[PDB]
Amino acid sequence: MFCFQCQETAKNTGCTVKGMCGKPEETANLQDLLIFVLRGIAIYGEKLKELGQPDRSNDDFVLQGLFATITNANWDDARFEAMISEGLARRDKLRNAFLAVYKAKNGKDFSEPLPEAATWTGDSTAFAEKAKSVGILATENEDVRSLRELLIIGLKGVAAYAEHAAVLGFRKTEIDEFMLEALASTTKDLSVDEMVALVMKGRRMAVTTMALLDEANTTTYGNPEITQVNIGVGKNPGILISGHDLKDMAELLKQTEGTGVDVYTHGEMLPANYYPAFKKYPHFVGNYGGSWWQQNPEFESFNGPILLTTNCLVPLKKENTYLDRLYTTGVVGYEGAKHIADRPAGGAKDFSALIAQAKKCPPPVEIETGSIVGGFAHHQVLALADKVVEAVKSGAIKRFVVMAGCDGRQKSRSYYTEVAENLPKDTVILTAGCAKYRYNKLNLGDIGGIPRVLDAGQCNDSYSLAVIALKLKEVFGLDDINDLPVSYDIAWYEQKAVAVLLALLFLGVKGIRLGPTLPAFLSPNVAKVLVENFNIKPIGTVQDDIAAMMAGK
Ligand code: SF4
């Protein structure tokens, strides 16, 4: 196999026998073959748009297919075989439409050569062998490989955010058209300048898509507000919901009201505690446990059913006993785990089976007690603008440090905890995404009643951090966003974090520290281009980086 798309890839070069995440050869190769089929849909879809007869019938299929290949999302080979079969049939419908329109507009049959993605077919028995030959290493030139895979990695992150928006009813044609432009590009031989341009365009579309999801979440469920979240447990059986989808949360809360089963959040569902729409349910207890990678012991101790709405789902250990109470939904899948089917239009998912099961389970084991504060998204922070700005002016807040991003397993990540603890007492940490769990249960106190850690929400709520920085720039009358008293020390793990990075580069932020390693998917020449344009830096020692940031450097 070959896969290099997350931070934990083997030796920082590539997983080649079995993924460090657990992904086996056969599953890794089926994901490659699905991306191959998606490029084939994109070739005809782009050509039909060119001829003035665009077809939007595959928009959701393309989003879900890219999302299913994100790290820790879907582990069920049968699901990939089904999507590959469906994708071939969708591609062939587009092919037939294109051939007829081409002939009508040109007065002859189309006769130009097309990439294999556009033509190959087989039944399911052919998939495993074909899959070996269509993967990342088929691109021989290392710099073309880096730029193609960088684009597809960023695109997957954008597609995940766009899928959440689409679930809530919010779509922009430009985003779905871009998916096809980008995928089709990876079958063409383009200049370096053209490939870099498409990566920057993806950063631009990450801004558009994060804006759309911010609008969808806040219009539907309200603006986030300051909230104290309980981290201990109650005395009823519960259901634990993980992942990122807020519409699944809204339906779960409604269906559980009055049943004597409590609801708890986990991981990137923490921010659901912050939304006005959800705060009105008494049986919504609080947040259980820590970061995604600690899930095996914590899902075990939770005792009740667990529902994964998105990544990250980690494979069970041999000793784990919770398979019979693990449920997947959306693009998530796992062999042997029960799957909750998609809602009909205008209707809702059916969670009745989880509720029935939970009534049979013991209450959760308590793993800690106390509370966390959060809810500082853009509406809430702008409401406090006078106070924050005032505090900057007196020098009580000397610097903001953005420590948003995504967490992971490696021991080097203690760097982020130790930075948080050793920053000076007149600084404030801005965060979003599961990187927060490295420091959100420390007591770092406050400055004048502003908490020293301000949690804006899920990784997608990095958008709020940009909106805040743009406003401060206007208030202080600076010509360049980079001259604000803000430093960026961002941790990454999977492809949504890459989309957030591309958005920050599109907005012109330079001097970002990215860690705890730099991506394996940057070749030397491509890394140079990003360094010289954007001044991205690796992390150093805790002491050395703190001194540097406090200096604006
Ligand atoms: S998703 Fe990450 S750890 Fe898993 S196979 Fe790919 S690079 Fe390796």
# chains A, B, ... in the order shown; residues from 1 in each chain; ligands from 1

$ closest_atom_pairs --of "chain A" --to "ligand 1" --cutoff "8 Å" --atoms "only C-alpha atoms and all ligand atoms" --output "Markdown table"
| residue | atom | partner | partner_atom_place_in_ligand_line | distance |
| --- | --- | --- | --- | --- |
| A:2 | CA | ligand 1 | 5 (S) | 7.3 |
| A:3 | CA | ligand 1 | 6 (Fe) | 4.3 |
| A:4 | CA | ligand 1 | 7 (S) | 3.6 |
| A:5 | CA | ligand 1 | 7 (S) | 4.5 |
| A:6 | CA | ligand 1 | 2 (Fe) | 4.0 |
| A:7 | CA | ligand 1 | 2 (Fe) | 6.3 |
| A:8 | CA | ligand 1 | 3 (S) | 5.1 |
| A:9 | CA | ligand 1 | 7 (S) | 4.0 |
| A:10 | CA | ligand 1 | 8 (Fe) | 6.2 |
| A:14 | CA | ligand 1 | 7 (S) | 6.0 |
| A:15 | CA | ligand 1 | 8 (Fe) | 4.6 |
| A:16 | CA | ligand 1 | 5 (S) | 7.8 |
| A:18 | CA | ligand 1 | 5 (S) | 6.6 |
| A:19 | CA | ligand 1 | 5 (S) | 3.5 |
| A:20 | CA | ligand 1 | 3 (S) | 4.1 |
| A:21 | CA | ligand 1 | 3 (S) | 4.1 |
| A:22 | CA | ligand 1 | 4 (Fe) | 6.3 |
| A:23 | CA | ligand 1 | 5 (S) | 5.5 |
| A:24 | CA | ligand 1 | 5 (S) | 7.7 |
| A:28 | CA | ligand 1 | 5 (S) | 6.9 |
| A:70 | CA | ligand 1 | 1 (S) | 7.1 |
| A:71 | CA | ligand 1 | 1 (S) | 4.5 |
| A:72 | CA | ligand 1 | 1 (S) | 7.0 |
| A:494 | CA | ligand 1 | 2 (Fe) | 7.7 |

$ residues_around --residues "residue 417 of chain A" --least-positions-apart "5" --cutoff "12 Å" --atoms "only C-alpha atoms" --output "list in words"
residues 403, 407, 411, 412, 422, 423, 429, 435, 436, 437, 438, 439, 440, 441, 442, 444, 491 and 542 of chain A

$ write_last_selection --atoms "C-alpha atoms" --output "compact mmCIF listing (two decimals), in the first residue's frame"
# COMPACT_ATOMS: atom_id res chain seq x y z
CA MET A 403 -3.07 27.05 19.37
CA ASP A 407 -4.48 16.49 18.32
CA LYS A 411 4.69 11.92 22.70
CA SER A 412 6.25 14.99 21.06
CA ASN A 422 5.01 28.25 30.47
CA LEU A 423 3.51 31.16 28.56
CA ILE A 429 -4.59 31.33 24.19
CA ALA A 435 -5.82 20.26 19.84
CA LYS A 436 -7.55 21.99 22.75
CA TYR A 437 -7.39 18.83 24.86
CA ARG A 438 -3.66 19.30 25.46
CA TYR A 439 -4.39 22.25 27.76
CA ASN A 440 -8.11 22.80 28.32
CA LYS A 441 -8.22 21.05 31.68
CA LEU A 442 -5.39 23.06 33.19
CA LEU A 444 -4.58 28.88 33.81
CA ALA A 491 -0.98 21.45 15.54
CA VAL A 542 9.47 25.09 24.37

$ residues_around --residues "residue 464 of chain A" --least-positions-apart "5" --cutoff "8 Å" --atoms "only C-alpha atoms" --output "CSV table (one decimal) with N, CA and C atoms, in the first residue's frame"
chain,number,residue,atom,x,y,z
A,377,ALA,N,-16.9,32.0,20.3
A,377,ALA,CA,-17.0,32.1,18.8
A,377,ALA,C,-17.1,33.6,18.4
A,378,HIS,N,-17.2,33.9,17.1
A,378,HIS,CA,-17.0,35.3,16.8
A,378,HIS,C,-18.1,36.2,17.3
A,456,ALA,N,-13.2,28.6,20.8
A,456,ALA,CA,-14.2,29.0,19.9
A,456,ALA,C,-15.0,27.8,19.3

$ select_by_dssp --residues "segment 346-427 of chain A" --states "helix (DSSP H, G or I)" --output "PDB file with N, CA and C atoms, in the first residue's frame"
ATOM      1  N   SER A 352     -34.034   5.071  17.758  1.00  0.00           N
ATOM      2  CA  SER A 352     -34.774   4.265  18.714  1.00  0.00           C
ATOM      3  C   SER A 352     -34.003   3.092  19.254  1.00  0.00           C
ATOM      4  N   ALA A 353     -33.201   2.404  18.445  1.00  0.00           N
ATOM      5  CA  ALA A 353     -32.445   1.247  18.905  1.00  0.00           C
ATOM      6  C   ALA A 353     -31.404   1.581  19.944  1.00  0.00           C
ATOM      7  N   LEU A 354     -30.725   2.728  19.819  1.00  0.00           N
ATOM      8  CA  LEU A 354     -29.756   3.143  20.817  1.00  0.00           C
ATOM      9  C   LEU A 354     -30.448   3.371  22.167  1.00  0.00           C
ATOM     10  N   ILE A 355     -31.653   3.948  22.077  1.00  0.00           N
ATOM     11  CA  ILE A 355     -32.315   4.365  23.330  1.00  0.00           C
ATOM     12  C   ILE A 355     -32.784   3.111  24.074  1.00  0.00           C
ATOM     13  N   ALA A 356     -33.334   2.173  23.304  1.00  0.00           N
ATOM     14  CA  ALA A 356     -33.740   0.881  23.843  1.00  0.00           C
ATOM     15  C   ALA A 356     -32.600   0.160  24.512  1.00  0.00           C
ATOM     16  N   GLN A 357     -31.425   0.147  23.862  1.00  0.00           N
ATOM     17  CA  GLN A 357     -30.264  -0.502  24.421  1.00  0.00           C
ATOM     18  C   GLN A 357     -29.747   0.181  25.668  1.00  0.00           C
ATOM     19  N   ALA A 358     -29.775   1.525  25.685  1.00  0.00           N
ATOM     20  CA  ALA A 358     -29.125   2.259  26.778  1.00  0.00           C
ATOM     21  C   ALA A 358     -29.892   2.012  28.094  1.00  0.00           C
ATOM     22  N   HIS A 378     -17.244  33.884  17.148  1.00  0.00           N
ATOM     23  CA  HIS A 378     -17.026  35.284  16.752  1.00  0.00           C
ATOM     24  C   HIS A 378     -18.096  36.192  17.301  1.00  0.00           C
ATOM     25  N   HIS A 379     -19.357  35.750  17.311  1.00  0.00           N
ATOM     26  CA  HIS A 379     -20.402  36.663  17.826  1.00  0.00           C
ATOM     27  C   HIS A 379     -20.132  37.010  19.281  1.00  0.00           C
ATOM     28  N   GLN A 380     -19.800  36.016  20.095  1.00  0.00           N
ATOM     29  CA  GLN A 380     -19.555  36.222  21.517  1.00  0.00           C
ATOM     30  C   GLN A 380     -18.353  37.082  21.789  1.00  0.00           C
ATOM     31  N   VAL A 381     -17.261  36.877  21.041  1.00  0.00           N
ATOM     32  CA  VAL A 381     -16.048  37.648  21.293  1.00  0.00           C
ATOM     33  C   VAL A 381     -16.226  39.097  20.857  1.00  0.00           C
ATOM     34  N   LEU A 382     -16.885  39.307  19.723  1.00  0.00           N
ATOM     35  CA  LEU A 382     -17.142  40.667  19.247  1.00  0.00           C
ATOM     36  C   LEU A 382     -18.054  41.415  20.204  1.00  0.00           C
ATOM     37  N   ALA A 383     -18.965  40.688  20.861  1.00  0.00           N
ATOM     38  CA  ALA A 383     -19.776  41.308  21.903  1.00  0.00           C
ATOM     39  C   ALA A 383     -18.928  41.855  23.037  1.00  0.00           C
ATOM     40  N   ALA A 385     -15.844  43.092  22.621  1.00  0.00           N
ATOM     41  CA  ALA A 385     -14.723  43.741  21.947  1.00  0.00           C
ATOM     42  C   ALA A 385     -14.179  44.914  22.747  1.00  0.00           C
ATOM     43  N   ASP A 386     -15.075  45.754  23.257  1.00  0.00           N
ATOM     44  CA  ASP A 386     -14.617  46.892  24.074  1.00  0.00           C
ATOM     45  C   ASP A 386     -13.666  46.428  25.163  1.00  0.00           C
ATOM     46  N   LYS A 387     -14.063  45.390  25.903  1.00  0.00           N
ATOM     47  CA  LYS A 387     -13.253  44.924  27.024  1.00  0.00           C
ATOM     48  C   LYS A 387     -11.936  44.334  26.574  1.00  0.00           C
ATOM     49  N   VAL A 388     -11.968  43.521  25.505  1.00  0.00           N
ATOM     50  CA  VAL A 388     -10.714  42.865  25.078  1.00  0.00           C
ATOM     51  C   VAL A 388      -9.722  43.924  24.588  1.00  0.00           C
ATOM     52  N   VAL A 389     -10.232  44.847  23.784  1.00  0.00           N
ATOM     53  CA  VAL A 389      -9.403  45.907  23.202  1.00  0.00           C
ATOM     54  C   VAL A 389      -8.806  46.792  24.295  1.00  0.00           C
ATOM     55  N   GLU A 390      -9.656  47.196  25.229  1.00  0.00           N
ATOM     56  CA  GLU A 390      -9.220  47.909  26.421  1.00  0.00           C
ATOM     57  C   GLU A 390      -8.090  47.168  27.126  1.00  0.00           C
ATOM     58  N   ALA A 391      -8.257  45.858  27.291  1.00  0.00           N
ATOM     59  CA  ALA A 391      -7.260  45.051  27.987  1.00  0.00           C
ATOM     60  C   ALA A 391      -5.956  44.993  27.212  1.00  0.00           C
ATOM     61  N   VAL A 392      -6.055  44.988  25.875  1.00  0.00           N
ATOM     62  CA  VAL A 392      -4.831  45.052  25.067  1.00  0.00           C
ATOM     63  C   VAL A 392      -4.123  46.387  25.288  1.00  0.00           C
ATOM     64  N   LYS A 393      -4.921  47.438  25.418  1.00  0.00           N
ATOM     65  CA  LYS A 393      -4.409  48.802  25.438  1.00  0.00           C
ATOM     66  C   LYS A 393      -3.632  49.093  26.714  1.00  0.00           C
ATOM     67  N   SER A 394      -4.085  48.536  27.832  1.00  0.00           N
ATOM     68  CA  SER A 394      -3.428  48.748  29.119  1.00  0.00           C
ATOM     69  C   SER A 394      -2.219  47.843  29.288  1.00  0.00           C
ATOM     70  N   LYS A 411       4.195  11.350  21.461  1.00  0.00           N
ATOM     71  CA  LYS A 411       4.685  11.924  22.696  1.00  0.00           C
ATOM     72  C   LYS A 411       5.242  13.322  22.537  1.00  0.00           C
ATOM     73  N   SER A 412       5.717  13.663  21.344  1.00  0.00           N
ATOM     74  CA  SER A 412       6.253  14.987  21.060  1.00  0.00           C
ATOM     75  C   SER A 412       5.208  16.073  21.294  1.00  0.00           C
ATOM     76  N   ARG A 413       3.940  15.666  21.348  1.00  0.00           N
ATOM     77  CA  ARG A 413       2.857  16.650  21.483  1.00  0.00           C
ATOM     78  C   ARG A 413       2.793  17.222  22.875  1.00  0.00           C
ATOM     79  N   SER A 414       3.617  16.675  23.797  1.00  0.00           N
ATOM     80  CA  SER A 414       3.652  17.314  25.121  1.00  0.00           C
ATOM     81  C   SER A 414       4.189  18.733  25.024  1.00  0.00           C
ATOM     82  N   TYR A 415       4.888  19.041  23.938  1.00  0.00           N
ATOM     83  CA  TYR A 415       5.274  20.406  23.599  1.00  0.00           C
ATOM     84  C   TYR A 415       4.135  21.387  23.762  1.00  0.00           C
ATOM     85  N   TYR A 416       2.925  21.014  23.325  1.00  0.00           N
ATOM     86  CA  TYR A 416       1.811  21.956  23.346  1.00  0.00           C
ATOM     87  C   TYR A 416       1.305  22.203  24.751  1.00  0.00           C
ATOM     88  N   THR A 417       1.276  21.159  25.572  1.00  0.00           N
ATOM     89  CA  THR A 417       0.939  21.317  26.991  1.00  0.00           C
ATOM     90  C   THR A 417       1.938  22.231  27.693  1.00  0.00           C
ATOM     91  N   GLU A 418       3.224  22.057  27.400  1.00  0.00           N
ATOM     92  CA  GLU A 418       4.281  22.769  28.112  1.00  0.00           C
ATOM     93  C   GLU A 418       4.400  24.214  27.676  1.00  0.00           C
ATOM     94  N   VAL A 419       4.184  24.486  26.380  1.00  0.00           N
ATOM     95  CA  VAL A 419       3.956  25.858  25.954  1.00  0.00           C
ATOM     96  C   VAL A 419       2.832  26.515  26.712  1.00  0.00           C
ATOM     97  N   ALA A 420       1.674  25.843  26.821  1.00  0.00           N
ATOM     98  CA  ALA A 420       0.540  26.470  27.492  1.00  0.00           C
ATOM     99  C   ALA A 420       0.883  26.845  28.931  1.00  0.00           C
ATOM    100  N   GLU A 421       1.564  25.953  29.630  1.00  0.00           N
ATOM    101  CA  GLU A 421       1.891  26.123  31.036  1.00  0.00           C
ATOM    102  C   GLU A 421       2.967  27.172  31.265  1.00  0.00           C
ATOM    103  N   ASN A 422       3.818  27.414  30.280  1.00  0.00           N
ATOM    104  CA  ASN A 422       5.005  28.245  30.470  1.00  0.00           C
ATOM    105  C   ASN A 422       4.898  29.568  29.742  1.00  0.00           C
TER     106      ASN A 422
END

$ closest_residue --among "A:167, A:484, A:401, A:200" --to "residue 452 of chain A" --atoms "only C-alpha atoms"
A:401

$ closest_residue --among "A:295, A:230, A:310, A:328" --to "residue 368 of chain A" --atoms "only C-alpha atoms"
A:230

$ closest_residue --among "A:89, A:118, A:536, A:498" --to "residue 158 of chain A" --atoms "only C-alpha atoms"
A:498

$ atom_distance --atom1 "atom CA of residue 260 of chain A" --atom2 "atom CA of residue 218 of chain A"
28.9 Å

$ closest_atom_pairs --of "segment 376-426 of chain A" --to "segment 486-490 of chain A" --cutoff "8 Å" --atoms "only C-alpha atoms" --output "JSON lines"
{"residue": "A:399", "atom": "CA", "partner": "A:486", "partner_atom": "CA", "distance": 5.8}
{"residue": "A:400", "atom": "CA", "partner": "A:486", "partner_atom": "CA", "distance": 4.7}
{"residue": "A:401", "atom": "CA", "partner": "A:487", "partner_atom": "CA", "distance": 4.9}
{"residue": "A:402", "atom": "CA", "partner": "A:488", "partner_atom": "CA", "distance": 4.8}
{"residue": "A:403", "atom": "CA", "partner": "A:490", "partner_atom": "CA", "distance": 5.0}
{"residue": "A:404", "atom": "CA", "partner": "A:490", "partner_atom": "CA", "distance": 5.5}
{"residue": "A:405", "atom": "CA", "partner": "A:490", "partner_atom": "CA", "distance": 5.6}

$ write_last_selection --atoms "N, CA, C and O atoms" --output "mmCIF file, in the first residue's frame"
data_model
loop_
_atom_site.group_PDB
_atom_site.id
_atom_site.type_symbol
_atom_site.label_atom_id
_atom_site.label_comp_id
_atom_site.auth_asym_id
_atom_site.auth_seq_id
_atom_site.Cartn_x
_atom_site.Cartn_y
_atom_site.Cartn_z
ATOM 1 N N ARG A 399 -0.117 39.434 24.413
ATOM 2 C CA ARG A 399 -0.153 38.692 23.146
ATOM 3 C C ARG A 399 -1.273 37.650 23.164
ATOM 4 O O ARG A 399 -1.552 37.053 24.200
ATOM 5 N N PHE A 400 -1.885 37.440 22.004
ATOM 6 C CA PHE A 400 -2.647 36.219 21.753
ATOM 7 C C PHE A 400 -1.788 35.152 21.088
ATOM 8 O O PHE A 400 -1.003 35.442 20.182
ATOM 9 N N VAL A 401 -1.955 33.910 21.531
ATOM 10 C CA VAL A 401 -1.311 32.775 20.849
ATOM 11 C C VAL A 401 -2.398 31.814 20.350
ATOM 12 O O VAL A 401 -3.152 31.253 21.148
ATOM 13 N N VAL A 402 -2.483 31.664 19.042
ATOM 14 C CA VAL A 402 -3.461 30.729 18.447
ATOM 15 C C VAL A 402 -2.886 29.315 18.470
ATOM 16 O O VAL A 402 -1.861 29.062 17.833
ATOM 17 N N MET A 403 -3.522 28.421 19.215
ATOM 18 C CA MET A 403 -3.066 27.054 19.369
ATOM 19 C C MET A 403 -4.120 26.060 18.895
ATOM 20 O O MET A 403 -4.201 24.933 19.383
ATOM 21 N N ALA A 404 -4.934 26.512 17.955
ATOM 22 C CA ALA A 404 -5.982 25.713 17.337
ATOM 23 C C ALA A 404 -5.380 24.552 16.528
ATOM 24 O O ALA A 404 -4.179 24.549 16.263
ATOM 25 N N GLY A 405 -6.237 23.619 16.139
ATOM 26 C CA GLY A 405 -5.783 22.521 15.276
ATOM 27 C C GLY A 405 -6.304 21.173 15.742
ATOM 28 O O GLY A 405 -7.310 21.092 16.444
#

$ select_by_dssp --residues "segment 165-385 of chain A" --states "strand (DSSP E or B)" --output "VMD selection string"
chain A and resid 227 to 230 238 to 242 262 to 265 284 to 287 306 to 308 326 to 329 333 338 to 340 371 to 374

$ write_last_selection --atoms "N, CA and C atoms" --output "CSV table (one decimal), in the first residue's frame"
chain,number,residue,atom,x,y,z
A,227,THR,N,-20.2,29.4,28.3
A,227,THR,CA,-20.9,28.2,28.9
A,227,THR,C,-20.0,27.4,29.8
A,228,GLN,N,-20.4,27.1,31.0
A,228,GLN,CA,-19.7,26.2,31.9
A,228,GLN,C,-20.1,24.7,31.7
A,229,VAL,N,-19.2,23.9,31.3
A,229,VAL,CA,-19.6,22.5,30.9
A,229,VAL,C,-19.1,21.5,32.0
A,230,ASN,N,-20.1,20.7,32.5
A,230,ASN,CA,-19.8,19.7,33.5
A,230,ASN,C,-19.0,18.5,32.9
A,238,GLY,N,-26.5,6.4,29.8
A,238,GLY,CA,-26.4,7.5,28.9
A,238,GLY,C,-26.1,7.0,27.4
A,239,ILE,N,-26.1,8.0,26.5
A,239,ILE,CA,-25.6,7.7,25.1
A,239,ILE,C,-24.5,8.8,24.9
A,240,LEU,N,-23.3,8.3,24.4
A,240,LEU,CA,-22.2,9.2,24.1
A,240,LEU,C,-22.2,9.6,22.6
A,241,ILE,N,-22.2,10.8,22.2
A,241,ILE,CA,-22.1,11.2,20.8
A,241,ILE,C,-20.8,11.8,20.5
A,242,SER,N,-20.1,11.4,19.5
A,242,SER,CA,-18.8,11.9,19.1
A,242,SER,C,-18.8,12.4,17.7
A,262,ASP,N,-29.7,9.8,29.6
A,262,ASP,CA,-29.0,11.1,29.5
A,262,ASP,C,-28.1,11.2,28.3
A,263,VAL,N,-27.7,12.3,27.8
A,263,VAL,CA,-26.8,12.5,26.6
A,263,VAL,C,-25.5,13.2,27.0
A,264,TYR,N,-24.4,12.7,26.5
A,264,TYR,CA,-23.1,13.2,26.8
A,264,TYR,C,-22.4,13.4,25.4
A,265,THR,N,-21.6,14.5,25.4
A,265,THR,CA,-20.7,14.7,24.2
A,265,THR,C,-19.3,14.2,24.4
A,284,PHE,N,-29.2,16.7,28.9
A,284,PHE,CA,-27.9,16.9,28.3
A,284,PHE,C,-26.8,17.2,29.4
A,285,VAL,N,-26.1,16.2,29.8
A,285,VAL,CA,-25.3,16.3,31.0
A,285,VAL,C,-24.0,17.0,30.9
A,286,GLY,N,-23.3,16.9,29.8
A,286,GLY,CA,-21.9,17.4,29.8
A,286,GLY,C,-21.0,16.7,28.9
A,287,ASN,N,-19.7,16.8,29.0
A,287,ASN,CA,-18.7,16.2,28.1
A,287,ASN,C,-17.9,15.2,28.8
A,306,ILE,N,-22.5,4.2,22.1
A,306,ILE,CA,-21.6,5.3,21.6
A,306,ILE,C,-22.0,5.6,20.1
A,307,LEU,N,-22.2,6.8,19.7
A,307,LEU,CA,-22.6,7.1,18.3
A,307,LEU,C,-21.5,8.0,17.7
A,308,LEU,N,-20.9,7.5,16.6
A,308,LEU,CA,-19.9,8.3,15.9
A,308,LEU,C,-20.5,8.9,14.6
A,326,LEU,N,-21.6,-0.1,19.8
A,326,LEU,CA,-21.0,1.0,18.9
A,326,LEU,C,-21.9,1.2,17.7
A,327,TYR,N,-22.3,2.4,17.4
A,327,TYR,CA,-23.1,2.7,16.2
A,327,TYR,C,-22.4,3.8,15.4
A,328,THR,N,-22.5,3.6,14.1
A,328,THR,CA,-21.9,4.5,13.1
A,328,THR,C,-23.1,5.2,12.4
A,329,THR,N,-22.8,6.4,11.8
A,329,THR,CA,-23.8,7.0,10.9
A,329,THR,C,-23.1,7.9,9.9
A,333,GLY,N,-18.1,4.1,9.0
A,333,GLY,CA,-18.4,2.7,9.0
A,333,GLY,C,-17.4,1.8,9.6
A,338,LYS,N,-23.3,-1.5,14.2
A,338,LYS,CA,-24.6,-1.2,13.6
A,338,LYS,C,-24.6,0.2,13.0
A,339,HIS,N,-25.2,0.4,11.8
A,339,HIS,CA,-25.2,1.6,11.1
A,339,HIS,C,-26.5,2.3,11.1
A,340,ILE,N,-26.6,3.6,11.5
A,340,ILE,CA,-27.9,4.3,11.4
A,340,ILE,C,-28.1,5.0,10.0
A,371,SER,N,-15.4,21.3,35.7
A,371,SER,CA,-16.0,21.9,34.6
A,371,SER,C,-15.0,22.6,33.7
A,372,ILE,N,-15.4,22.8,32.5
A,372,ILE,CA,-14.6,23.6,31.5
A,372,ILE,C,-15.5,24.7,31.0
A,373,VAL,N,-14.9,25.9,30.7
A,373,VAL,CA,-15.6,27.0,30.1
A,373,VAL,C,-15.2,27.2,28.6
A,374,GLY,N,-16.2,27.5,27.8
A,374,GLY,CA,-16.0,27.7,26.4
A,374,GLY,C,-17.1,28.5,25.8

$ closest_atom_pairs --of "segment 149-252 of chain A" --to "segment 501-519 of chain A" --cutoff "7 Å" --atoms "only C-alpha atoms" --output "CSV"
residue,atom,partner,partner_atom,distance
A:200,CA,A:506,CA,6.5
A:203,CA,A:502,CA,4.3
A:204,CA,A:506,CA,5.9
A:206,CA,A:503,CA,5.5
A:207,CA,A:503,CA,5.4

$ write_last_selection --atoms "N, CA and C atoms" --output "mmCIF file, in the first residue's frame"
data_model
loop_
_atom_site.group_PDB
_atom_site.id
_atom_site.type_symbol
_atom_site.label_atom_id
_atom_site.label_comp_id
_atom_site.auth_asym_id
_atom_site.auth_seq_id
_atom_site.Cartn_x
_atom_site.Cartn_y
_atom_site.Cartn_z
ATOM 1 N N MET A 200 -3.750 27.284 -4.148
ATOM 2 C CA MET A 200 -4.224 28.542 -3.579
ATOM 3 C C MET A 200 -5.705 28.746 -3.792
ATOM 4 N N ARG A 203 -7.412 26.962 -1.068
ATOM 5 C CA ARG A 203 -7.398 27.777 0.154
ATOM 6 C C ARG A 203 -8.505 28.821 0.141
ATOM 7 N N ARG A 204 -8.694 29.501 -0.978
ATOM 8 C CA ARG A 204 -9.830 30.385 -1.161
ATOM 9 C C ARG A 204 -11.173 29.735 -0.975
ATOM 10 N N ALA A 206 -11.706 27.021 0.806
ATOM 11 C CA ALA A 206 -11.806 26.662 2.236
ATOM 12 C C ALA A 206 -12.368 27.828 3.046
ATOM 13 N N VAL A 207 -11.921 29.041 2.761
ATOM 14 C CA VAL A 207 -12.562 30.237 3.336
ATOM 15 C C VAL A 207 -14.035 30.287 3.030
#
